[PDB]
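**Q** Next up, my_file.cif (mmCIF, C-alpha atoms (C1' of nucleotides) and all ligand atoms).
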data_run
loop_
_atom_site.label_atom_id
_atom_site.label_comp_id
_atom_site.auth_asym_id
_atom_site.auth_seq_id
_atom_site.Cartn_x
_atom_site.Cartn_y
_atom_site.Cartn_z
CA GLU A 9 68.88 94.61 90.26
CA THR A 10 65.39 95.30 91.64
CA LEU A 11 63.45 92.30 90.72
CA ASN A 12 64.94 90.20 93.37
CA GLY A 13 66.22 93.02 95.63
CA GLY A 14 64.65 92.37 99.13
CA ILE A 15 65.45 88.73 98.60
CA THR A 16 69.00 89.48 98.01
CA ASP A 17 68.79 91.97 100.83
CA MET A 18 67.32 89.75 103.53
CA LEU A 19 69.92 87.20 102.47
CA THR A 20 72.52 89.82 103.02
CA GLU A 21 71.29 90.59 106.63
CA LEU A 22 71.31 86.84 107.32
CA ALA A 23 74.83 86.29 105.93
CA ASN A 24 76.06 89.26 107.91
CA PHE A 25 74.82 88.29 111.21
CA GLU A 26 76.10 84.77 110.78
CA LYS A 27 79.54 86.05 110.51
CA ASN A 28 79.54 89.01 113.01
CA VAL A 29 77.38 87.57 115.76
CA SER A 30 77.67 83.92 115.54
CA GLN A 31 80.74 82.73 114.07
CA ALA A 32 79.07 80.78 111.20
CA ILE A 33 81.35 81.49 108.34
CA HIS A 34 80.06 78.60 106.26
CA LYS A 35 76.60 79.79 106.96
CA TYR A 36 77.50 83.24 106.41
CA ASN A 37 79.29 82.28 103.26
CA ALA A 38 76.14 80.44 102.36
CA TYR A 39 73.82 83.55 102.34
CA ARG A 40 76.30 85.20 100.20
CA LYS A 41 76.73 83.03 97.12
CA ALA A 42 72.98 82.69 97.28
CA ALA A 43 72.38 86.41 97.30
CA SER A 44 74.84 86.62 94.45
CA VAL A 45 73.15 84.17 92.24
CA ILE A 46 69.69 85.44 92.95
CA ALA A 47 71.14 88.80 92.26
CA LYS A 48 72.20 87.67 88.75
CA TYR A 49 68.82 85.85 88.10
CA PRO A 50 66.78 87.41 85.31
CA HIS A 51 63.30 86.63 86.46
CA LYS A 52 61.06 87.53 89.33
CA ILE A 53 61.44 84.84 91.97
CA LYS A 54 57.98 83.78 92.56
CA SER A 55 58.64 81.16 95.12
CA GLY A 56 60.94 79.14 97.17
CA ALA A 57 61.15 76.14 95.01
CA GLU A 58 61.63 78.33 92.06
CA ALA A 59 64.74 79.62 93.66
CA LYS A 60 65.90 76.35 95.08
CA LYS A 61 66.43 75.53 91.54
CA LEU A 62 69.40 77.74 91.72
CA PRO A 63 72.88 76.68 92.72
CA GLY A 64 73.72 77.79 96.24
CA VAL A 65 70.11 77.70 96.95
CA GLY A 66 69.12 74.97 99.14
CA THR A 67 66.46 73.99 101.49
CA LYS A 68 66.90 76.43 104.35
CA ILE A 69 67.38 79.42 102.19
CA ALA A 70 64.43 78.50 100.08
CA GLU A 71 62.55 78.08 103.23
CA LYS A 72 63.20 81.62 104.03
CA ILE A 73 62.44 83.03 100.66
CA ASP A 74 59.11 81.49 100.91
CA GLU A 75 58.32 83.16 104.15
CA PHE A 76 59.64 86.38 103.02
CA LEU A 77 57.61 86.04 99.88
CA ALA A 78 54.60 84.77 101.65
CA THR A 79 54.72 87.69 104.17
CA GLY A 80 56.48 91.10 104.36
CA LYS A 81 58.85 89.88 106.90
CA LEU A 82 61.01 87.12 108.28
CA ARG A 83 60.80 85.99 111.96
CA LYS A 84 64.54 85.31 112.41
CA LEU A 85 65.36 88.59 110.76
CA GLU A 86 62.86 90.24 113.11
CA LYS A 87 64.13 88.48 116.17
CA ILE A 88 67.84 89.53 115.16
CA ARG A 89 66.92 93.30 114.94
CA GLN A 90 65.68 93.33 118.55
CA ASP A 91 68.28 91.24 120.33
CA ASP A 92 70.48 93.70 122.00
CA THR A 93 73.52 91.45 121.92
CA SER A 94 73.27 91.38 118.26
CA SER A 95 72.81 95.04 118.04
CA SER A 96 75.86 95.78 120.08
CA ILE A 97 78.24 93.88 118.04
CA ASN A 98 76.99 96.02 115.21
CA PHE A 99 77.62 99.15 117.08
CA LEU A 100 80.82 98.31 118.86
CA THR A 101 82.16 97.39 115.44
CA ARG A 102 81.62 101.00 114.39
CA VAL A 103 84.73 101.91 116.14
CA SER A 104 87.87 101.97 114.13
CA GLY A 105 90.01 99.26 115.63
CA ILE A 106 87.03 97.28 116.87
CA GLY A 107 86.38 94.36 114.70
CA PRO A 108 83.74 91.72 115.47
CA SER A 109 86.01 89.50 117.41
CA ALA A 110 86.65 92.20 119.77
CA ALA A 111 83.04 93.39 119.63
CA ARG A 112 82.05 89.95 121.05
CA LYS A 113 84.57 90.01 123.96
CA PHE A 114 83.42 93.49 125.21
CA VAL A 115 79.91 92.49 125.01
CA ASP A 116 80.39 89.48 127.00
CA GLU A 117 82.09 91.75 129.27
CA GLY A 118 79.31 94.30 129.48
CA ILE A 119 80.70 97.03 127.31
CA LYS A 120 77.98 97.60 124.92
CA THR A 121 77.96 101.26 124.61
CA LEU A 122 80.29 104.21 123.96
CA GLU A 123 80.37 105.08 127.57
CA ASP A 124 81.12 101.48 128.31
CA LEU A 125 83.94 102.05 126.14
CA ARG A 126 85.12 105.26 127.80
CA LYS A 127 84.97 103.83 131.27
CA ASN A 128 86.92 100.96 130.04
CA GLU A 129 89.54 102.77 128.26
CA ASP A 130 91.99 100.31 129.70
CA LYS A 131 90.75 97.30 127.70
CA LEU A 132 91.20 99.15 124.49
CA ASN A 133 94.45 99.23 122.56
CA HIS A 134 96.01 102.26 120.93
CA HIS A 135 94.13 102.13 117.69
CA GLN A 136 90.93 101.36 119.45
CA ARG A 137 91.58 104.37 121.52
CA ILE A 138 92.02 106.81 118.81
CA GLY A 139 89.05 105.19 117.26
CA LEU A 140 87.03 106.05 120.27
CA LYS A 141 88.31 109.54 120.60
CA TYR A 142 87.46 110.33 117.06
CA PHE A 143 84.25 108.36 116.64
CA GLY A 144 82.04 111.16 115.46
CA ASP A 145 84.81 112.79 113.25
CA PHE A 146 85.62 109.43 111.90
CA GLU A 147 82.19 108.93 110.59
CA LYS A 148 81.95 112.35 108.94
CA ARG A 149 82.36 112.31 105.23
CA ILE A 150 85.18 114.45 103.74
CA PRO A 151 83.97 117.21 101.45
CA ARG A 152 86.38 117.81 98.55
CA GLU A 153 86.57 121.41 99.43
CA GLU A 154 88.75 120.28 102.39
CA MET A 155 90.27 117.47 100.33
CA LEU A 156 91.99 120.06 98.09
CA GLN A 157 93.34 121.91 101.15
CA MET A 158 94.72 118.60 102.41
CA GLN A 159 96.00 117.59 99.18
CA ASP A 160 97.49 120.95 98.98
CA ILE A 161 99.52 120.68 102.07
CA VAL A 162 100.51 117.06 101.60
CA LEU A 163 102.03 117.65 98.25
CA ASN A 164 103.89 120.76 99.31
CA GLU A 165 105.60 119.16 102.21
CA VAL A 166 106.44 116.00 100.38
CA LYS A 167 108.06 118.17 97.88
CA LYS A 168 110.18 120.01 100.35
CA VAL A 169 111.61 116.91 101.84
CA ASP A 170 112.68 115.63 98.42
CA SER A 171 112.06 116.80 94.94
CA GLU A 172 112.04 113.26 93.55
CA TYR A 173 109.04 112.35 95.54
CA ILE A 174 105.97 111.42 93.51
CA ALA A 175 102.79 111.60 95.46
CA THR A 176 99.31 111.08 94.32
CA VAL A 177 95.89 111.22 95.90
CA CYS A 178 93.90 108.41 94.51
CA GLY A 179 90.49 107.43 95.62
CA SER A 180 87.21 108.84 94.37
CA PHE A 181 88.75 112.21 95.08
CA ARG A 182 90.81 111.35 92.00
CA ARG A 183 87.68 110.25 90.00
CA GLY A 184 85.90 113.63 90.57
CA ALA A 185 83.93 112.82 93.78
CA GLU A 186 82.29 115.54 95.84
CA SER A 187 83.36 113.94 99.05
CA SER A 188 85.39 111.14 100.31
CA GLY A 189 85.72 109.14 103.46
CA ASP A 190 89.50 108.78 104.04
CA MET A 191 92.54 110.21 102.33
CA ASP A 192 94.93 107.81 100.36
CA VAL A 193 98.22 108.90 99.20
CA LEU A 194 100.30 106.76 96.85
CA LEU A 195 103.92 107.31 97.13
CA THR A 196 107.01 106.30 95.24
CA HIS A 197 110.43 107.68 94.77
CA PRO A 198 112.90 106.97 91.92
CA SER A 199 115.27 105.48 94.33
CA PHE A 200 112.62 102.82 95.22
CA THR A 201 111.94 99.84 93.19
CA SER A 202 111.14 96.21 92.69
CA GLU A 203 114.73 94.97 93.18
CA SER A 204 116.18 97.96 95.10
CA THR A 205 116.54 96.64 98.54
CA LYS A 206 114.41 98.60 100.82
CA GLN A 207 114.61 102.13 102.00
CA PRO A 208 112.38 102.71 105.00
CA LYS A 209 113.40 106.33 105.41
CA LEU A 210 111.78 106.99 102.10
CA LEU A 211 108.41 106.65 103.89
CA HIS A 212 109.51 107.87 107.38
CA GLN A 213 110.79 111.21 106.32
CA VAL A 214 107.51 112.37 105.00
CA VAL A 215 105.57 111.03 107.88
CA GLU A 216 107.70 113.11 110.04
CA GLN A 217 107.35 116.23 108.07
CA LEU A 218 103.64 115.90 108.13
CA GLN A 219 103.47 115.71 111.76
CA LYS A 220 106.29 118.28 111.84
CA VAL A 221 104.03 120.94 110.57
CA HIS A 222 100.97 119.21 112.38
CA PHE A 223 99.01 117.82 109.62
CA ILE A 224 99.47 114.41 111.02
CA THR A 225 97.84 114.17 114.40
CA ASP A 226 98.21 110.59 115.55
CA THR A 227 99.74 107.32 114.30
CA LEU A 228 97.50 104.24 113.85
CA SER A 229 99.87 101.87 112.45
CA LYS A 230 103.25 102.76 111.01
CA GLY A 231 105.41 100.21 109.18
CA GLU A 232 107.98 100.30 106.44
CA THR A 233 105.62 100.83 103.65
CA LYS A 234 102.32 101.71 105.03
CA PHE A 235 101.43 104.28 107.44
CA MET A 236 97.89 104.64 108.84
CA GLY A 237 97.11 107.90 110.51
CA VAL A 238 94.96 110.83 111.61
CA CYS A 239 95.31 114.30 110.22
CA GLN A 240 93.91 117.67 110.33
CA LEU A 241 93.43 120.91 108.66
CA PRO A 242 94.79 123.62 110.84
CA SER A 243 92.01 125.42 112.44
CA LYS A 244 92.23 128.90 110.88
CA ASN A 245 91.10 131.68 113.14
CA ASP A 246 89.63 129.86 116.12
CA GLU A 247 85.88 129.27 115.98
CA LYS A 248 85.99 126.49 113.42
CA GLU A 249 88.38 123.59 113.89
CA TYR A 250 88.47 120.65 111.48
CA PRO A 251 87.51 117.13 112.13
CA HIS A 252 89.97 114.37 112.50
CA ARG A 253 90.54 112.61 109.29
CA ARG A 254 91.71 109.14 108.40
CA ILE A 255 94.73 109.13 106.23
CA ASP A 256 97.04 106.59 104.63
CA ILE A 257 100.32 106.87 102.96
CA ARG A 258 102.11 104.17 101.11
CA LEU A 259 105.43 103.75 99.58
CA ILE A 260 105.55 101.91 96.28
CA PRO A 261 108.55 101.03 94.17
CA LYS A 262 108.69 103.39 91.34
CA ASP A 263 108.55 100.55 88.87
CA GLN A 264 104.92 99.72 89.64
CA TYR A 265 103.48 103.04 90.61
CA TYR A 266 100.84 103.71 87.88
CA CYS A 267 99.46 100.18 87.99
CA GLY A 268 98.76 100.92 91.54
CA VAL A 269 97.71 104.44 90.83
CA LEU A 270 95.35 103.23 88.32
CA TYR A 271 94.37 100.49 90.59
CA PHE A 272 93.61 102.59 93.60
CA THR A 273 91.63 105.18 91.61
CA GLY A 274 88.98 102.66 90.52
CA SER A 275 86.14 102.26 90.42
CA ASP A 276 86.21 98.54 91.02
CA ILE A 277 83.88 98.40 87.99
CA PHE A 278 86.18 100.41 85.88
CA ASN A 279 88.93 98.13 86.96
CA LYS A 280 87.17 94.96 86.02
CA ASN A 281 86.20 96.18 82.57
CA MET A 282 89.65 97.28 82.04
CA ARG A 283 90.90 94.09 83.42
CA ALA A 284 88.71 92.07 81.17
CA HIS A 285 89.59 94.01 78.09
CA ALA A 286 93.27 93.81 79.07
CA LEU A 287 92.76 90.06 78.71
CA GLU A 288 91.24 90.24 75.29
CA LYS A 289 94.06 92.38 74.18
CA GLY A 290 96.34 89.44 75.27
CA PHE A 291 97.38 90.75 78.74
CA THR A 292 96.97 90.66 82.39
CA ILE A 293 96.72 93.32 84.97
CA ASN A 294 96.84 93.55 88.77
CA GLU A 295 97.52 95.96 91.55
CA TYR A 296 101.30 96.11 90.59
CA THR A 297 101.81 95.31 86.93
CA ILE A 298 100.58 94.49 83.43
CA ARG A 299 101.86 91.36 81.63
CA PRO A 300 101.86 89.92 78.11
CA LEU A 301 99.70 86.81 78.17
CA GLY A 302 101.51 83.83 76.64
CA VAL A 303 99.45 81.21 74.96
CA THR A 304 100.39 77.99 76.86
CA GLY A 305 97.61 78.78 79.23
CA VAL A 306 99.17 81.75 80.90
CA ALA A 307 102.60 83.38 81.19
CA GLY A 308 104.46 86.45 82.65
CA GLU A 309 106.90 89.36 82.32
CA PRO A 310 106.51 92.98 83.30
CA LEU A 311 105.61 95.41 80.74
CA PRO A 312 107.37 98.74 81.23
CA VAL A 313 105.02 101.57 82.40
CA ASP A 314 105.79 105.32 82.83
CA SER A 315 102.19 106.55 83.25
CA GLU A 316 98.57 105.43 83.22
CA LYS A 317 99.01 106.20 79.52
CA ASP A 318 101.53 103.48 79.00
CA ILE A 319 98.94 101.06 80.45
CA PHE A 320 95.89 101.86 78.30
CA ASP A 321 98.08 102.05 75.19
CA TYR A 322 99.10 98.53 75.91
CA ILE A 323 95.53 97.36 76.00
CA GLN A 324 95.12 99.61 73.07
CA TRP A 325 92.45 101.61 74.85
CA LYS A 326 91.22 105.13 75.01
CA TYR A 327 92.97 107.17 77.67
CA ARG A 328 90.41 107.78 80.34
CA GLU A 329 90.39 110.90 82.35
CA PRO A 330 89.98 109.92 85.90
CA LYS A 331 86.58 111.51 85.99
CA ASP A 332 85.24 109.08 83.38
CA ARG A 333 86.88 106.18 85.12
CA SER A 334 83.51 105.61 86.75
CA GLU A 335 82.32 102.48 84.96
"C1'" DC B 1 98.18 92.53 102.38
"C1'" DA B 2 100.79 94.77 106.26
"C1'" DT B 3 100.80 95.89 110.96
"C1'" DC B 4 99.81 95.15 115.84
"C1'" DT B 5 99.16 92.54 119.96
"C1'" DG B 6 99.86 89.39 123.21
"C1'" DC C 1 103.97 82.61 116.27
"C1'" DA C 2 98.33 82.86 115.03
"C1'" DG C 3 94.96 85.98 114.69
"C1'" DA C 4 92.85 90.57 114.29
"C1'" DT C 5 92.00 94.86 111.83
"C1'" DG C 6 91.70 97.92 108.10
NA NA D 401 85.85 98.38 113.58
NA NA D 402 93.28 77.44 112.74
ZN ZN D 403 60.09 84.94 84.17
ZN ZN D 404 92.14 104.70 102.31
#
Please express what this file holds, its structure, as structure tokens.
**A**
Amino acid sequence: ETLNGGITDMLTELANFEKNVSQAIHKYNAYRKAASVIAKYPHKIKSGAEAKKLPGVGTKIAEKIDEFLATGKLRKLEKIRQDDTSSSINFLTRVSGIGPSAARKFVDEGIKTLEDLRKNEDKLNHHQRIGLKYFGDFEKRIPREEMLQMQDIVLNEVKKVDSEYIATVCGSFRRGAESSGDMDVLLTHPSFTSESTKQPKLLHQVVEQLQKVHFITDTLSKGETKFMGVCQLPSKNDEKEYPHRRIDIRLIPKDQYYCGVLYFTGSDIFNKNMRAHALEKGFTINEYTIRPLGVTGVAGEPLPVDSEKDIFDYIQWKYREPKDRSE
DNA sequence: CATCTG
DNA sequence: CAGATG
């Protein structure tokens, strides 16, 4: 956690670049298990060979550790931080809609910067476009003070459209958090469930309403269950307009809402621990359900949940306020 | 994983 | 449809 930090960090840089710049997934994948194991390792790595000793650690990685250990740096790492081509792919990727794949193409094309991007607004697709238009805004964190306003509006409008709508803003925003990055709404409706064959409208009506009143600004991707958008808090009395904010809404069958709710609220760490315990207790839990673990190895069947309460209870746990859902 | 693109 | 993004 700090004894083998830089090692695990360099390893991380290495893995990353393998993937993003070159295409070396195996390689990339290599740096990763390595950094994981070294990460878990209880002693101070004092040398290459010492490490090598570990699983995942081989020759080439050891090689590197040595150098890194021997001196405060790593040539390759140093060469990678200069190389503009590398650098670009890191940058270009910054744009919502621009993954690595794409980052490579543009670069081979010459588009390396934001301007490059503007001038070439043709080569970009819709998402990529919005991405570009809201670059700065996109990167701005969302202070909860705005989160509440948002949340305010969202829930009021969802309500108007149908009283049976159950919406919930998960995320860290849900776990206390002073600021978030994006806004994720979990949505279900009584008339939506596991068997119940579809009902697209269920998600479309609200989307509409949102944009009706202007909270939703653009559409990123909009399917039958997931909608990816842009939204914004109505600029008050002109002088201070809001930034554009990422937002996602998703329809879930009412019969697997809280698992998800729980699920989405996190943290990952809370999840695990709960997941592990769930297992002791003789159960299993995932994004959508909780199930009684048979003995034959495994086994299924959905347990019937009506709140995050029903879940814990099951695992015979202490109900945890979302704030203390941390770890 | 669900959506888009081409 | 395979492949990309989030
Ligand atoms: Na991107
Ligand atoms: Na293939
Ligand atoms: Zn030791
Ligand atoms: Zn989100």
**Q** Rounded to one decimal place, report the atom CA of residue 77 of chain A-atom CA of residue 45 of chain A distance in Å.
**A**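 Pair atom CA of residue 77 of chain A / atom CA of residue 45 of chain A returns 17.4 Å.
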**Q** Got a sec: who's within 12 Å of residue 1 of chain B, counting only C-alpha atoms (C1' of nucleotides), leaving out chain neighbours fewer than 5 positions off, as a list in words?
**A**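 The contact residues come out as residues 233, 234 and 295 of chain A; 5 and 6 of chain C.
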**Q** Using only C-alpha atoms (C1' of nucleotides) and all ligand atoms, what are the residues with an atom within 9 Å of ligand ZN 403 (chain D), set out as an NGL selection string?
**A** :A and (50-54)
**Q** Counting all atoms listed in the file, which residues of chain B come no farther than 10 Å from chain A, as a list in words?
**A**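 Listed by rising number, the hits are residues 2, 3, 4 and 5 of chain B.
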**Q** Next, the residues of the selection above should be written as a PDB file, in the coordinates of the input with C-alpha atoms (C1' of nucleotides).
**A**
ATOM      1  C1'  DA B   2     100.790  94.770 106.260  1.00  0.00           C
ATOM      2  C1'  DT B   3     100.800  95.890 110.960  1.00  0.00           C
ATOM      3  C1'  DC B   4      99.810  95.150 115.840  1.00  0.00           C
ATOM      4  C1'  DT B   5      99.160  92.540 119.960  1.00  0.00           C
TER       5       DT B   5
END
**Q** To check your reading of the model: which residues sit at most 9 Å from ligand NA 401 (chain D) when counting all atoms listed in the file? Write the answer as a PyMOL selection string.
**A** (chain A and resi 99-108+110-111+136+139) or (chain C and resi 5-6)
**Q** Can you measure atom CA of residue 278 of chain A to atom CA of residue 40 of chain A for me? One decimal in Å is fine.
**A**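 That distance, rounded to one decimal, is 23.1 Å.
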**Q** From the options A:123, A:172, A:26, A:190, which residue's atoms come nearest to ligand ZN 404 (chain D), counting all atoms listed in the file?
**A**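 Of A:123, A:172, A:26, A:190, the one nearest ligand ZN 404 (chain D) is A:190, counting all atoms listed in the file.
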**Q** Up to 12 Å from (67.1, 89.1, 100.1) in the file's coordinates: name the residues, counting all atoms listed in the file, as a ChimeraX atom specification.
**A** /A:9-24,39-47,53,59,69-70,72-77,80-82,85
**Q** Using all atoms listed in the file, which residues sit within 7 Å of segment 255-269 of chain A once same-chain residues fewer than 2 positions away are excluded, as a PDB file with C-alpha atoms, keeping the file's coordinate frame?
**A**
ATOM      1  CA  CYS A 178      93.900 108.410  94.510  1.00  0.00           C
ATOM      2  CA  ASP A 190      89.500 108.780 104.040  1.00  0.00           C
ATOM      3  CA  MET A 191      92.540 110.210 102.330  1.00  0.00           C
ATOM      4  CA  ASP A 192      94.930 107.810 100.360  1.00  0.00           C
ATOM      5  CA  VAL A 193      98.220 108.900  99.200  1.00  0.00           C
ATOM      6  CA  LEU A 194     100.300 106.760  96.850  1.00  0.00           C
ATOM      7  CA  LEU A 195     103.920 107.310  97.130  1.00  0.00           C
ATOM      8  CA  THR A 196     107.010 106.300  95.240  1.00  0.00           C
ATOM      9  CA  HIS A 197     110.430 107.680  94.770  1.00  0.00           C
ATOM     10  CA  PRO A 198     112.900 106.970  91.920  1.00  0.00           C
ATOM     11  CA  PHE A 200     112.620 102.820  95.220  1.00  0.00           C
ATOM     12  CA  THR A 201     111.940  99.840  93.190  1.00  0.00           C
ATOM     13  CA  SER A 202     111.140  96.210  92.690  1.00  0.00           C
ATOM     14  CA  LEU A 211     108.410 106.650 103.890  1.00  0.00           C
ATOM     15  CA  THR A 233     105.620 100.830 103.650  1.00  0.00           C
ATOM     16  CA  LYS A 234     102.320 101.710 105.030  1.00  0.00           C
ATOM     17  CA  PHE A 235     101.430 104.280 107.440  1.00  0.00           C
ATOM     18  CA  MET A 236      97.890 104.640 108.840  1.00  0.00           C
ATOM     19  CA  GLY A 237      97.110 107.900 110.510  1.00  0.00           C
ATOM     20  CA  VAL A 238      94.960 110.830 111.610  1.00  0.00           C
ATOM     21  CA  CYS A 239      95.310 114.300 110.220  1.00  0.00           C
ATOM     22  CA  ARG A 253      90.540 112.610 109.290  1.00  0.00           C
ATOM     23  CA  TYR A 271      94.370 100.490  90.590  1.00  0.00           C
ATOM     24  CA  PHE A 272      93.610 102.590  93.600  1.00  0.00           C
ATOM     25  CA  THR A 273      91.630 105.180  91.610  1.00  0.00           C
ATOM     26  CA  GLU A 295      97.520  95.960  91.550  1.00  0.00           C
ATOM     27  CA  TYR A 296     101.300  96.110  90.590  1.00  0.00           C
ATOM     28  CA  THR A 297     101.810  95.310  86.930  1.00  0.00           C
ATOM     29  CA  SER A 315     102.190 106.550  83.250  1.00  0.00           C
ATOM     30  CA  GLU A 316      98.570 105.430  83.220  1.00  0.00           C
TER      31      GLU A 316
END
**Q** What does the distance from atom CA of residue 115 of chain A to atom CA of residue 149 of chain A come to in Å, to one decimal?
**A**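 Answer for the atom CA of residue 115 of chain A to atom CA of residue 149 of chain A separation: 28.1 Å.
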**Q** Put chain C into a file with N, CA and C atoms (P, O5', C5', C4', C3', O3' and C1' of nucleotides), as a tab-separated table (two decimals), in the first residue's frame.
**A**
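Below is the file that was written, out14.tsv:
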chain	number	residue	atom	x	y	z
C	1	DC	P	-26.40	-11.54	-36.96
C	1	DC	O5'	-24.99	-10.80	-36.95
C	1	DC	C5'	-24.02	-11.51	-37.58
C	1	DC	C4'	-22.98	-10.58	-38.08
C	1	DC	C3'	-22.04	-10.16	-36.96
C	1	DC	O3'	-20.93	-10.99	-36.94
C	1	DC	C1'	-22.65	-8.30	-38.34
C	2	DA	P	-20.18	-11.34	-35.59
C	2	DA	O5'	-18.78	-10.63	-35.91
C	2	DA	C5'	-18.92	-9.34	-36.33
C	2	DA	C4'	-17.63	-8.78	-36.82
C	2	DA	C3'	-16.60	-8.96	-35.76
C	2	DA	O3'	-15.40	-8.12	-36.04
C	2	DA	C1'	-17.86	-7.05	-35.36
C	3	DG	P	-14.14	-8.01	-35.01
C	3	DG	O5'	-14.17	-6.50	-34.48
C	3	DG	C5'	-14.24	-5.34	-35.33
C	3	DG	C4'	-14.61	-4.16	-34.47
C	3	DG	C3'	-13.78	-4.05	-33.20
C	3	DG	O3'	-12.92	-2.95	-33.40
C	3	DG	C1'	-16.09	-3.62	-32.86
C	4	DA	P	-12.09	-2.25	-32.24
C	4	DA	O5'	-13.03	-1.07	-31.71
C	4	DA	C5'	-13.19	0.18	-32.32
C	4	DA	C4'	-14.19	0.97	-31.51
C	4	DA	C3'	-13.74	1.41	-30.10
C	4	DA	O3'	-13.67	2.82	-30.14
C	4	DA	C1'	-16.06	0.68	-30.17
C	5	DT	P	-12.69	3.74	-29.36
C	5	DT	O5'	-13.67	4.08	-28.14
C	5	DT	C5'	-14.92	4.51	-28.54
C	5	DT	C4'	-15.94	4.57	-27.43
C	5	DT	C3'	-15.50	4.90	-26.04
C	5	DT	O3'	-15.83	6.19	-25.78
C	5	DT	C1'	-17.38	3.44	-26.19
C	6	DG	P	-15.22	6.83	-24.47
C	6	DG	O5'	-16.33	6.43	-23.39
C	6	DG	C5'	-17.58	6.98	-23.69
C	6	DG	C4'	-18.71	6.47	-22.81
C	6	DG	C3'	-18.54	6.68	-21.33
C	6	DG	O3'	-19.79	6.91	-20.77
C	6	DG	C1'	-18.94	4.42	-21.72
